[PDB]
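Just one chain follows, in the form deposited in one PDB entry, and it is written as structure tokens.
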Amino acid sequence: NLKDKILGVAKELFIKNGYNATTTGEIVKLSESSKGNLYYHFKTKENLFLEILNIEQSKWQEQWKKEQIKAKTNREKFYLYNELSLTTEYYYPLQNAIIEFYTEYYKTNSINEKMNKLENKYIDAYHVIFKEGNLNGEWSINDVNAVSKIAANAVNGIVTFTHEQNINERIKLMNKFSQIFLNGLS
């Protein structure tokens, strides 16, 4: 809880002032904790931040569990999952803190460890989509892991770089992509 209170406050601080601007000092004081306790729990602001990210990852996964029920078939889950990825990121408060962070630890190969266990978790969502797709003859992929890393990165690119259009066009392009992609698997 004192740990949970720190992550909560830290998350808000980041959302409000971004990664670089937030200090562990602010965090310590606002969560009514101590430099010692924050050290014992996270060691560094970077670690603190990766922990928020993990928690955030969990929530996303959980939501997806409830949300994927609106998609009977896996072809549908693929369509749905990509759209959510697009819309939900449009209004995600942490997005900017993430970007600061990511484009700040691109050089540090130390963070590359947890940073990757995290990304892998996101790819599993797709991995599951495709596997189940196989066991239902929705398509036939023999290199799932591969197709999974590809979708995850192709879709995130559309989400991250399309930024330059009206939300409708984007959902449109994204659905066109999902269409093409799922097609080239038959």
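Position 1 is the first residue in the sequence shown; the rest follow in order. Just so we're on the same page, rigid core means the largest C-alpha set that superposes within 1.5 Å between forms.
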task = Give the stretch, out of 137-145 and 23-31, with the larger mean C-alpha temperature factor in the deposited entry.
result = 137-145
ask   = 38-46 versus 113-121: which one carries the higher mean Cα B factor per the record?
value = 113-121
task = Select lowest, middle or highest to describe the third in which the CA B-factor of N74 falls within its chain in this entry.
result = middle
inquiry  = Is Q95 in the lowest, middle or highest third of its chain when residues are ranked by C-alpha B-factor?
reply    = middle
task = Relative to the other modelled residues of the same chain, rank the CA B-factor of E51 and answer lowest, middle or highest third.
result = middle
inquiry  = Using only modelled residues of the chain, where does the Cα B factor of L182 rank: lowest third, middle third or highest third?
reply    = middle
query = Which third, lowest, middle or highest, does the CA B-factor of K176 fall in along this chain?
reply = middle
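Below, we turn to the form deposited in another entry, even though it does not appear here.
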ask   = If you line up the core, does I150 shift 2 angstroms or more at its C-alpha between this form and the one not shown?
value = no
ask   = Quick one: core overlaid, is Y19 moving 2 Å or more at the Cα between this form and the one not shown?
value = yes
query = So with the core overlaid, does the Cα of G137 end up 2 Å or more away between this form and the one not shown?
reply = no
note = The CA atoms of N82 and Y92 move 3 Å or more in that other deposited form, ending up closer
query = Given a CA distance change of at least 3 Å, are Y92 and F78 closer or farther in that other deposited form?
reply = closer
